[PDB]
Amino acid sequence: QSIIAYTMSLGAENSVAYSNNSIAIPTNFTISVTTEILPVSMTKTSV
Amino acid sequence: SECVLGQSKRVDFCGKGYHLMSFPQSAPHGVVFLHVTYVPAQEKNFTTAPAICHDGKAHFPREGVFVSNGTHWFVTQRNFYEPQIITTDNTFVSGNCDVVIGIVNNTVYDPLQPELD
Amino acid sequence: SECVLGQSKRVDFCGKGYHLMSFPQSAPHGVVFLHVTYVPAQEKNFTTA
Amino acid sequence: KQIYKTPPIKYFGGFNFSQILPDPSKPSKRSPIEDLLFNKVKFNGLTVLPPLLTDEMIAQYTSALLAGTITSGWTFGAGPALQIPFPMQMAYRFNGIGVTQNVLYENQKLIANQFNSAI
Ligand SMILES: *[C@@H]1O[C@H](CO)[C@@H](O[C@@H]2O[C@H](CO)[C@@H](O)[C@H](O)[C@H]2NC(C)=O)[C@H](O)[C@H]1NC(C)=O
Ligand SMILES: *[C@@H]1O[C@H](CO)[C@@H](O[C@@H]2O[C@H](CO)[C@@H](O)[C@H](O)[C@H]2NC(C)=O)[C@H](O)[C@H]1NC(C)=O
Ligand SMILES: *[C@@H]1O[C@H](CO)[C@@H](O[C@@H]2O[C@H](CO)[C@@H](O)[C@H](O)[C@H]2NC(C)=O)[C@H](O)[C@H]1NC(C)=O
Ligand SMILES: *[C@@H]1O[C@H](CO)[C@@H](O[C@@H]2O[C@H](CO)[C@@H](O)[C@H](O)[C@H]2NC(C)=O)[C@H](O)[C@H]1NC(C)=O
Ligand SMILES: *[C@@H]1O[C@H](CO)[C@@H](O)[C@H](O)[C@H]1NC(C)=O
Ligand SMILES: *[C@@H]1O[C@H](CO)[C@@H](O)[C@H](O)[C@H]1NC(C)=O
Ligand SMILES: *[C@@H]1O[C@H](CO)[C@@H](O)[C@H](O)[C@H]1NC(C)=O
């Protein structure tokens with residue numbers, strides 16, 4: 001609806017609830033799967 | 001070699017999270033890695049202390065951290081919340097309660113005496 | 001990833017000594033790593049078995 | 001992912017990190033050491049293009065990494081940031097290299113004071 005321009009944002013802001021006698025420990029977990037792709041070869045050419 | 005034929009401790013080398021395992025797939029002129037990772041979830045906050053005093057001696061955890069649920073203190077492992085009672089088989093002794101900053105009073109239970117009534 | 005977001009056991013990858021922690025700093029067109037290491041000192045000799 | 005901030009107090013069991021955290025009394029919000037680091041370093045159809053990221057934006061990535069680490073260690077890189085007191089963070093780090101964790105807890109002041117001079 002219009003090419004708008006803006007100053008990109010670096011990400012959601014978040015404060016860690018730090019104190020001198022507080023800790024946070026997980027009580028559950030998930031198993032994640034992610035992909036990574038890597039090239040290994042090109043076509044062999046001859047002139 | 002390092003992601004498929006073994007388990008790596010290298011951060012972000014084998015996916016995002018704690019590396020468990022990886023499976024290769026063939027792609028044209030390339031390779032695809034399926035990275036299986038461990039991700040913790042659903043944290044709760046607790047009060048903690050580095051050591052516990054009992055009989056005038058400082059007790060430190062063998063592995064884990066001391067936590068408090070509001071009224072009682074427990075030992076937990078660092079990666080999953082699973083509390084156990086603080087005993088003499090869970091901890092070791094080193095030094096006196098005069099050098100540790102933030103040490104707290106609690107009871108460390110000895111299994112020997114209630115067996116001997 | 002390996003020096004700042006975790007603790008490495010790779011020798012000489014994160015400074016000289018036993019790696020404890022690292023702090024990044026920004027430089028123009030580059031990065032500076034402040035490597036914090038553990039270095040033992042003042043050895044004595046003993047007999048062992 | 002997120003831009004972390006340190007708490008106002010800025011007192012982590014002694015350890016003094018003021019030389020690596022941003023200086024609030026500056027337009028650039030650089031650290032004291034970053035200010036030194038940047039103080040040492042058109043033609044006939046030729047042009048130089050500007051970077052996509054300004055150096056203010058890069059400083060914000062660095063302060064987020066510093067605030068994450070000092071408050072949650074390495075947990076925020078694998079999931080949610082989990083707070084733990086910093087003195088306890090240092091004790092785990094000695095354990096990872098084969099040193100028993102009472103060496104820090106009984107000598108916390110010595111290690112913090114020696115660190116502060118070494119940095
Ligand atoms: C940990 O998380 C899983 C979900 O990711 C929980 O399992 C679900 O539990 C609800 C009941 O609370 C069930 O209705 C769902 O069917 C469960 N999901 C699966 C996939 O089995 C699990 O209970 C959580 N653990 C704790 C202690 O809260
Ligand atoms: C902290 O956990 C303890 C243990 O679950 C709770 O204390 C009670 O402990 C007695 C044994 O000494 C049990 O018989 C009760 O069932 C426990 N009560 C509950 C509600 O679990 C204690 O309540 C917990 N503290 C807080 C603040 O939740
Ligand atoms: C933890 O328990 C110890 C032992 O009971 C406490 O040490 C006592 O401290 C009081 C002062 O608070 C002194 O009058 C006693 O002489 C001490 N007893 C001994 C045997 O030395 C210690 O104060 C307790 N800590 C806290 C925070 O209450
Ligand atoms: C952290 O260290 C800085 C120095 O690197 C301290 O700031 C200096 O403190 C001395 C007194 O100890 C003053 O004379 C200097 O003028 C201070 N420098 C600046 C730039 O203000 C700072 O106080 C230390 N922080 C803590 C909590 O000890
Ligand atoms: C733990 O407490 C802090 C405030 O001290 C809060 O910001 C944070 O959200 C709490 N964490 C959880 C899981 O409730
Ligand atoms: C933590 O800091 C508060 C002040 O913010 C202080 O009252 C408390 O005693 C401190 N805890 C420790 C263990 O030093
Ligand atoms: C240990 O003894 C050897 C000789 O056997 C000596 O050369 C060395 O300097 C001694 N180390 C210390 C710390 O004294």
# chains A, B, ... in the order shown; residues from 1 in each chain; ligands from 1
>>> interface_residues(of="chain C", to="chain B", cutoff="8 Å", atoms="only C-alpha atoms", output="list in words")
residues 1, 2, 5, 6 and 8 of chain C
>>> write_last_selection(atoms="C-alpha atoms", output="PDB file, in the first residue's frame")
ATOM      1  CA  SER C   1      29.570 -19.200  19.286  1.00  0.00           C
ATOM      2  CA  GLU C   2      32.163 -21.334  21.002  1.00  0.00           C
ATOM      3  CA  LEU C   5      28.115 -18.450  24.113  1.00  0.00           C
ATOM      4  CA  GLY C   6      29.757 -21.402  25.825  1.00  0.00           C
ATOM      5  CA  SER C   8      35.343 -24.580  25.087  1.00  0.00           C
TER       6      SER C   8
END
>>> residues_around(residues="residue 89 of chain B", least_positions_apart="4", cutoff="12 Å", atoms="only C-alpha atoms", output="ChimeraX atom specification")
/B:59-63,75,84-85,93,108-112
>>> write_last_selection(atoms="N, CA, C and O atoms", output="tab-separated table (two decimals), in the first residue's frame")
chain	number	residue	atom	x	y	z
B	59	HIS	N	28.88	-27.51	53.44
B	59	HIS	CA	28.58	-28.60	52.51
B	59	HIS	C	28.32	-28.00	51.14
B	59	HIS	O	27.58	-27.02	51.02
B	60	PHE	N	28.89	-28.57	50.17
B	60	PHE	CA	28.82	-28.19	48.77
B	60	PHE	C	28.23	-29.32	47.96
B	60	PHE	O	28.42	-30.49	48.30
B	61	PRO	N	27.47	-29.04	46.92
B	61	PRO	CA	26.92	-30.13	46.12
B	61	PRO	C	28.00	-30.81	45.29
B	61	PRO	O	28.95	-30.19	44.84
B	62	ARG	N	27.84	-32.12	45.13
B	62	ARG	CA	28.69	-32.86	44.20
B	62	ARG	C	28.39	-32.48	42.76
B	62	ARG	O	29.30	-32.12	42.01
B	63	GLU	N	27.14	-32.58	42.35
B	63	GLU	CA	26.65	-32.01	41.11
B	63	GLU	C	25.27	-31.44	41.41
B	63	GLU	O	24.50	-32.04	42.14
B	75	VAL	N	18.25	-30.24	46.65
B	75	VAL	CA	19.30	-30.31	45.63
B	75	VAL	C	18.65	-30.72	44.32
B	75	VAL	O	17.86	-31.66	44.28
B	84	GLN	N	15.79	-33.63	45.24
B	84	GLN	CA	16.02	-34.69	46.20
B	84	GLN	C	16.43	-34.10	47.53
B	84	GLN	O	16.86	-32.95	47.61
B	85	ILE	N	16.33	-34.89	48.59
B	85	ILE	CA	16.68	-34.36	49.91
B	85	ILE	C	18.20	-34.31	50.04
B	85	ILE	O	18.92	-35.17	49.53
B	93	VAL	N	32.11	-32.24	51.96
B	93	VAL	CA	32.48	-31.24	52.95
B	93	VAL	C	33.81	-30.63	52.54
B	93	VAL	O	34.72	-31.34	52.11
B	108	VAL	N	21.14	-31.22	56.90
B	108	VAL	CA	21.64	-32.27	56.02
B	108	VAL	C	21.49	-33.59	56.75
B	108	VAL	O	22.06	-33.78	57.83
B	109	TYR	N	20.72	-34.50	56.17
B	109	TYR	CA	20.28	-35.70	56.86
B	109	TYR	C	21.28	-36.83	56.65
B	109	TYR	O	21.70	-37.09	55.53
B	110	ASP	N	21.64	-37.49	57.71
B	110	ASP	CA	22.53	-38.63	57.76
B	110	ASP	C	21.72	-39.90	57.78
B	110	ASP	O	20.88	-40.06	58.67
B	111	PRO	N	21.87	-40.82	56.83
B	111	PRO	CA	21.04	-42.03	56.83
B	111	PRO	C	21.38	-43.02	57.93
B	111	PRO	O	20.59	-43.91	58.28
B	112	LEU	N	22.57	-42.86	58.50
B	112	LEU	CA	23.07	-43.85	59.45
B	112	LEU	C	22.24	-43.86	60.72
B	112	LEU	O	21.84	-44.93	61.19
>>> interface_residues(of="chain D", to="chain C", cutoff="6 Å", atoms="only C-alpha atoms", output="number ranges by chain")
D: 37-38, 74, 93
>>> write_last_selection(atoms="N, CA, C and O atoms", output="mmCIF file, in the first residue's frame")
data_model
loop_
_atom_site.group_PDB
_atom_site.id
_atom_site.type_symbol
_atom_site.label_atom_id
_atom_site.label_comp_id
_atom_site.auth_asym_id
_atom_site.auth_seq_id
_atom_site.Cartn_x
_atom_site.Cartn_y
_atom_site.Cartn_z
ATOM 1 N N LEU D 37 39.310 1.484 20.805
ATOM 2 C CA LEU D 37 39.497 0.649 19.627
ATOM 3 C C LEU D 37 39.196 1.393 18.335
ATOM 4 O O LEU D 37 39.809 1.097 17.309
ATOM 5 N N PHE D 38 38.265 2.340 18.347
ATOM 6 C CA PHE D 38 37.998 3.108 17.143
ATOM 7 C C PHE D 38 38.882 4.332 16.999
ATOM 8 O O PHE D 38 38.720 5.070 16.024
ATOM 9 N N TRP D 74 25.558 -19.288 29.645
ATOM 10 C CA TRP D 74 25.409 -19.805 28.295
ATOM 11 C C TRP D 74 24.035 -20.386 28.024
ATOM 12 O O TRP D 74 23.847 -21.028 26.993
ATOM 13 N N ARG D 93 32.079 -22.724 36.006
ATOM 14 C CA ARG D 93 33.133 -22.639 35.010
ATOM 15 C C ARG D 93 34.441 -23.221 35.504
ATOM 16 O O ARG D 93 35.185 -23.794 34.714
#
>>> residues_near_ligand(ligand="ligand 4", cutoff="9 Å", atoms="only C-alpha atoms and all ligand atoms", output="list in words")
residues 10, 11, 12, 14, 15, 16, 17, 18, 19, 32, 116 and 117 of chain D
>>> closest_residue(among="A:3, A:31, A:8, A:16", to="ligand 5", atoms="only C-alpha atoms and all ligand atoms")
A:16
>>> residues_near_ligand(ligand="ligand 5", cutoff="7 Å", atoms="only C-alpha atoms and all ligand atoms", output="PDB file with N, CA, C and O atoms, in the first residue's frame")
ATOM      1  N   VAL A  16      16.445  -9.695  31.549  1.00  0.00           N
ATOM      2  CA  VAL A  16      16.611 -10.887  32.360  1.00  0.00           C
ATOM      3  C   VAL A  16      16.346 -10.494  33.800  1.00  0.00           C
ATOM      4  O   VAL A  16      16.806  -9.448  34.268  1.00  0.00           O
ATOM      5  N   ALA A  17      15.590 -11.324  34.504  1.00  0.00           N
ATOM      6  CA  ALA A  17      15.207 -11.022  35.880  1.00  0.00           C
ATOM      7  C   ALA A  17      16.322 -11.406  36.855  1.00  0.00           C
ATOM      8  O   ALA A  17      16.151 -12.242  37.729  1.00  0.00           O
ATOM      9  N   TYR A  18      17.465 -10.753  36.712  1.00  0.00           N
ATOM     10  CA  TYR A  18      18.621 -11.074  37.537  1.00  0.00           C
ATOM     11  C   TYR A  18      18.414 -10.592  38.967  1.00  0.00           C
ATOM     12  O   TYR A  18      17.896  -9.503  39.196  1.00  0.00           O
TER      13      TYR A  18
ATOM     14  N   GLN B  42       9.988 -24.041  29.750  1.00  0.00           N
ATOM     15  CA  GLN B  42       9.121 -23.797  30.907  1.00  0.00           C
ATOM     16  C   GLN B  42       9.901 -23.669  32.217  1.00  0.00           C
ATOM     17  O   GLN B  42       9.779 -24.484  33.117  1.00  0.00           O
ATOM     18  N   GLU B  43      10.651 -22.585  32.336  1.00  0.00           N
ATOM     19  CA  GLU B  43      11.452 -22.386  33.530  1.00  0.00           C
ATOM     20  C   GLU B  43      10.627 -21.812  34.681  1.00  0.00           C
ATOM     21  O   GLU B  43       9.628 -21.119  34.485  1.00  0.00           O
ATOM     22  N   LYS B  44      11.050 -22.141  35.894  1.00  0.00           N
ATOM     23  CA  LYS B  44      10.573 -21.501  37.109  1.00  0.00           C
ATOM     24  C   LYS B  44      11.762 -20.902  37.841  1.00  0.00           C
ATOM     25  O   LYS B  44      12.879 -21.390  37.728  1.00  0.00           O
ATOM     26  N   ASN B  45      11.494 -19.873  38.638  1.00  0.00           N
ATOM     27  CA  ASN B  45      12.544 -19.226  39.409  1.00  0.00           C
ATOM     28  C   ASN B  45      12.544 -19.792  40.828  1.00  0.00           C
ATOM     29  O   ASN B  45      11.505 -20.162  41.361  1.00  0.00           O
TER      30      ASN B  45
END
>>> atom_distance(atom1="atom CA of residue 56 of chain B", atom2="atom CA of residue 95 of chain D")
24.7 Å
>>> residues_around(residues="residue 56 of chain D", least_positions_apart="2", cutoff="8 Å", atoms="only C-alpha atoms", output="PyMOL selection string")
chain D and resi 28-29+54+58-60
>>> write_last_selection(atoms="C-alpha atoms", output="tab-separated table (two decimals), in the first residue's frame")
chain	number	residue	atom	x	y	z
D	28	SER	CA	27.37	6.71	21.02
D	29	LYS	CA	26.88	4.42	24.05
D	54	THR	CA	25.58	1.23	11.33
D	58	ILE	CA	26.61	-3.37	16.05
D	59	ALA	CA	27.16	-1.90	19.50
D	60	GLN	CA	23.64	-3.03	20.39
>>> residues_near_ligand(ligand="ligand 7", cutoff="10 Å", atoms="only C-alpha atoms and all ligand atoms", output="number ranges by chain")
C: 41-46
>>> residues_near_ligand(ligand="ligand 1", cutoff="9 Å", atoms="only C-alpha atoms and all ligand atoms", output="list in words")
residues 27, 28, 29 and 30 of chain A; 41 and 42 of chain B
>>> interface_residues(of="chain A", to="chain D", cutoff="8 Å", atoms="only C-alpha atoms", output="JSON, numbers by chain")
{"A": [10, 11, 12, 13, 14, 15, 16, 17, 18, 19, 20, 21, 22, 23, 24, 25]}
>>> write_last_selection(atoms="N, CA and C atoms", output="PDB file, in the first residue's frame")
ATOM      1  N   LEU A  10      16.515  -4.269  15.749  1.00  0.00           N
ATOM      2  CA  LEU A  10      17.399  -5.395  15.959  1.00  0.00           C
ATOM      3  C   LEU A  10      16.784  -6.627  16.591  1.00  0.00           C
ATOM      4  N   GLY A  11      15.586  -6.505  17.135  1.00  0.00           N
ATOM      5  CA  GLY A  11      14.943  -7.651  17.740  1.00  0.00           C
ATOM      6  C   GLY A  11      14.151  -7.301  18.965  1.00  0.00           C
ATOM      7  N   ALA A  12      13.341  -8.238  19.427  1.00  0.00           N
ATOM      8  CA  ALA A  12      12.523  -8.010  20.602  1.00  0.00           C
ATOM      9  C   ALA A  12      13.407  -7.719  21.772  1.00  0.00           C
ATOM     10  N   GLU A  13      12.991  -6.796  22.603  1.00  0.00           N
ATOM     11  CA  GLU A  13      13.775  -6.411  23.757  1.00  0.00           C
ATOM     12  C   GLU A  13      13.393  -7.294  24.935  1.00  0.00           C
ATOM     13  N   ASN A  14      14.377  -7.640  25.762  1.00  0.00           N
ATOM     14  CA  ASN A  14      14.006  -8.432  26.924  1.00  0.00           C
ATOM     15  C   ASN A  14      15.021  -8.265  28.034  1.00  0.00           C
ATOM     16  N   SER A  15      14.500  -7.978  29.216  1.00  0.00           N
ATOM     17  CA  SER A  15      15.267  -7.916  30.445  1.00  0.00           C
ATOM     18  C   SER A  15      15.268  -9.274  31.130  1.00  0.00           C
ATOM     19  N   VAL A  16      16.445  -9.695  31.549  1.00  0.00           N
ATOM     20  CA  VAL A  16      16.611 -10.887  32.360  1.00  0.00           C
ATOM     21  C   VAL A  16      16.346 -10.494  33.800  1.00  0.00           C
ATOM     22  N   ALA A  17      15.590 -11.324  34.504  1.00  0.00           N
ATOM     23  CA  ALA A  17      15.207 -11.022  35.880  1.00  0.00           C
ATOM     24  C   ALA A  17      16.322 -11.406  36.855  1.00  0.00           C
ATOM     25  N   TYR A  18      17.465 -10.753  36.712  1.00  0.00           N
ATOM     26  CA  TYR A  18      18.621 -11.074  37.537  1.00  0.00           C
ATOM     27  C   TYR A  18      18.414 -10.592  38.967  1.00  0.00           C
ATOM     28  N   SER A  19      18.841 -11.400  39.931  1.00  0.00           N
ATOM     29  CA  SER A  19      19.024 -10.945  41.304  1.00  0.00           C
ATOM     30  C   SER A  19      20.209 -11.670  41.922  1.00  0.00           C
ATOM     31  N   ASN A  20      20.570 -11.344  43.159  1.00  0.00           N
ATOM     32  CA  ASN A  20      21.747 -11.976  43.731  1.00  0.00           C
ATOM     33  C   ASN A  20      21.459 -13.301  44.412  1.00  0.00           C
ATOM     34  N   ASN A  21      20.211 -13.772  44.423  1.00  0.00           N
ATOM     35  CA  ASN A  21      19.937 -15.071  45.008  1.00  0.00           C
ATOM     36  C   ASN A  21      18.810 -15.808  44.294  1.00  0.00           C
ATOM     37  N   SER A  22      18.627 -15.559  43.006  1.00  0.00           N
ATOM     38  CA  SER A  22      17.550 -16.146  42.229  1.00  0.00           C
ATOM     39  C   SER A  22      18.127 -17.001  41.113  1.00  0.00           C
ATOM     40  N   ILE A  23      17.455 -18.112  40.813  1.00  0.00           N
ATOM     41  CA  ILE A  23      17.853 -18.982  39.714  1.00  0.00           C
ATOM     42  C   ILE A  23      16.610 -19.417  38.953  1.00  0.00           C
ATOM     43  N   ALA A  24      16.786 -19.733  37.673  1.00  0.00           N
ATOM     44  CA  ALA A  24      15.727 -20.268  36.828  1.00  0.00           C
ATOM     45  C   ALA A  24      16.162 -21.610  36.261  1.00  0.00           C
ATOM     46  N   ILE A  25      15.349 -22.643  36.471  1.00  0.00           N
ATOM     47  CA  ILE A  25      15.659 -24.004  36.051  1.00  0.00           C
ATOM     48  C   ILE A  25      14.491 -24.515  35.220  1.00  0.00           C
TER      49      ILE A  25
END
>>> interface_residues(of="chain D", to="chain B", cutoff="6 Å", atoms="only C-alpha atoms", output="MDAnalysis selection string")
chainID D and resid 78:79 105:106
>>> select_by_dssp(residues="segment 15-106 of chain B", states="strand (DSSP E or B)", output="VMD selection string")
chain B and resid 18 to 27 30 to 47 52 to 54 57 to 61 65 to 68 73 to 76 84 87 91 to 96 104 to 105
>>> residues_near_ligand(ligand="ligand 2", cutoff="7 Å", atoms="only C-alpha atoms and all ligand atoms", output="PyMOL selection string")
chain B and resi 69-72
>>> residues_near_ligand(ligand="ligand 3", cutoff="8 Å", atoms="only C-alpha atoms and all ligand atoms", output="PyMOL selection string")
chain B and resi 53+55-56+104-105
>>> decode(residues="segment 2-19 of chain D", atoms="N, CA, C and O atoms", output="PDB file, in the first residue's frame")
ATOM      1  N   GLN D   2      16.921 -11.546  21.092  1.00  0.00           N
ATOM      2  CA  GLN D   2      16.411 -10.407  21.820  1.00  0.00           C
ATOM      3  C   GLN D   2      17.568  -9.539  22.268  1.00  0.00           C
ATOM      4  O   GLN D   2      18.700  -9.993  22.369  1.00  0.00           O
ATOM      5  N   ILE D   3      17.273  -8.285  22.549  1.00  0.00           N
ATOM      6  CA  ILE D   3      18.281  -7.340  23.001  1.00  0.00           C
ATOM      7  C   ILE D   3      18.195  -7.312  24.517  1.00  0.00           C
ATOM      8  O   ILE D   3      17.250  -6.782  25.087  1.00  0.00           O
ATOM      9  N   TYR D   4      19.188  -7.890  25.169  1.00  0.00           N
ATOM     10  CA  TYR D   4      19.240  -7.974  26.614  1.00  0.00           C
ATOM     11  C   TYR D   4      19.802  -6.700  27.229  1.00  0.00           C
ATOM     12  O   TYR D   4      20.652  -6.027  26.646  1.00  0.00           O
ATOM     13  N   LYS D   5      19.330  -6.383  28.431  1.00  0.00           N
ATOM     14  CA  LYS D   5      19.830  -5.270  29.221  1.00  0.00           C
ATOM     15  C   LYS D   5      20.212  -5.719  30.621  1.00  0.00           C
ATOM     16  O   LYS D   5      19.588  -6.613  31.194  1.00  0.00           O
ATOM     17  N   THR D   6      21.233  -5.091  31.170  1.00  0.00           N
ATOM     18  CA  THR D   6      21.637  -5.354  32.540  1.00  0.00           C
ATOM     19  C   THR D   6      20.758  -4.573  33.509  1.00  0.00           C
ATOM     20  O   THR D   6      20.174  -3.554  33.137  1.00  0.00           O
ATOM     21  N   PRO D   7      20.647  -5.033  34.753  1.00  0.00           N
ATOM     22  CA  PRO D   7      19.873  -4.281  35.737  1.00  0.00           C
ATOM     23  C   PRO D   7      20.597  -3.018  36.152  1.00  0.00           C
ATOM     24  O   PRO D   7      21.823  -2.901  35.974  1.00  0.00           O
ATOM     25  N   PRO D   8      19.825  -2.029  36.580  1.00  0.00           N
ATOM     26  CA  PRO D   8      20.349  -0.725  36.989  1.00  0.00           C
ATOM     27  C   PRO D   8      21.491  -0.773  37.988  1.00  0.00           C
ATOM     28  O   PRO D   8      22.428   0.005  37.851  1.00  0.00           O
ATOM     29  N   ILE D   9      21.407  -1.657  38.974  1.00  0.00           N
ATOM     30  CA  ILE D   9      22.364  -1.673  40.065  1.00  0.00           C
ATOM     31  C   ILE D   9      23.773  -1.865  39.520  1.00  0.00           C
ATOM     32  O   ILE D   9      24.703  -1.170  39.913  1.00  0.00           O
ATOM     33  N   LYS D  10      23.919  -2.809  38.598  1.00  0.00           N
ATOM     34  CA  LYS D  10      25.220  -3.148  38.041  1.00  0.00           C
ATOM     35  C   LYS D  10      26.288  -3.491  39.078  1.00  0.00           C
ATOM     36  O   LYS D  10      27.384  -2.942  39.055  1.00  0.00           O
ATOM     37  N   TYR D  11      25.976  -4.413  39.979  1.00  0.00           N
ATOM     38  CA  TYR D  11      26.949  -4.872  40.952  1.00  0.00           C
ATOM     39  C   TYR D  11      26.863  -6.382  41.066  1.00  0.00           C
ATOM     40  O   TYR D  11      25.994  -6.889  41.755  1.00  0.00           O
ATOM     41  N   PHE D  12      27.770  -7.089  40.406  1.00  0.00           N
ATOM     42  CA  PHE D  12      27.677  -8.545  40.267  1.00  0.00           C
ATOM     43  C   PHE D  12      28.647  -9.202  41.240  1.00  0.00           C
ATOM     44  O   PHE D  12      29.741  -9.610  40.862  1.00  0.00           O
ATOM     45  N   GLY D  13      28.239  -9.309  42.495  1.00  0.00           N
ATOM     46  CA  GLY D  13      29.051  -9.929  43.521  1.00  0.00           C
ATOM     47  C   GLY D  13      30.481  -9.438  43.627  1.00  0.00           C
ATOM     48  O   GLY D  13      31.343 -10.129  44.150  1.00  0.00           O
ATOM     49  N   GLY D  14      30.733  -8.239  43.124  1.00  0.00           N
ATOM     50  CA  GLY D  14      32.054  -7.647  43.202  1.00  0.00           C
ATOM     51  C   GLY D  14      32.595  -7.371  41.820  1.00  0.00           C
ATOM     52  O   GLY D  14      32.784  -6.239  41.414  1.00  0.00           O
ATOM     53  N   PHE D  15      32.845  -8.425  41.081  1.00  0.00           N
ATOM     54  CA  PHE D  15      33.323  -8.258  39.725  1.00  0.00           C
ATOM     55  C   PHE D  15      32.802  -6.948  39.154  1.00  0.00           C
ATOM     56  O   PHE D  15      31.617  -6.648  39.234  1.00  0.00           O
ATOM     57  N   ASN D  16      33.698  -6.172  38.566  1.00  0.00           N
ATOM     58  CA  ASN D  16      33.399  -4.834  38.084  1.00  0.00           C
ATOM     59  C   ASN D  16      33.616  -4.818  36.582  1.00  0.00           C
ATOM     60  O   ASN D  16      34.754  -4.956  36.121  1.00  0.00           O
ATOM     61  N   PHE D  17      32.540  -4.666  35.820  1.00  0.00           N
ATOM     62  CA  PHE D  17      32.578  -4.806  34.372  1.00  0.00           C
ATOM     63  C   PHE D  17      32.412  -3.466  33.676  1.00  0.00           C
ATOM     64  O   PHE D  17      32.102  -3.422  32.497  1.00  0.00           O
ATOM     65  N   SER D  18      32.625  -2.369  34.387  1.00  0.00           N
ATOM     66  CA  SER D  18      32.337  -1.059  33.815  1.00  0.00           C
ATOM     67  C   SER D  18      33.180  -0.740  32.596  1.00  0.00           C
ATOM     68  O   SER D  18      32.773   0.097  31.794  1.00  0.00           O
ATOM     69  N   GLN D  19      34.320  -1.388  32.422  1.00  0.00           N
ATOM     70  CA  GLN D  19      35.154  -1.094  31.271  1.00  0.00           C
ATOM     71  C   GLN D  19      34.678  -1.770  30.003  1.00  0.00           C
ATOM     72  O   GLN D  19      35.182  -1.448  28.930  1.00  0.00           O
TER      73      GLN D  19
END
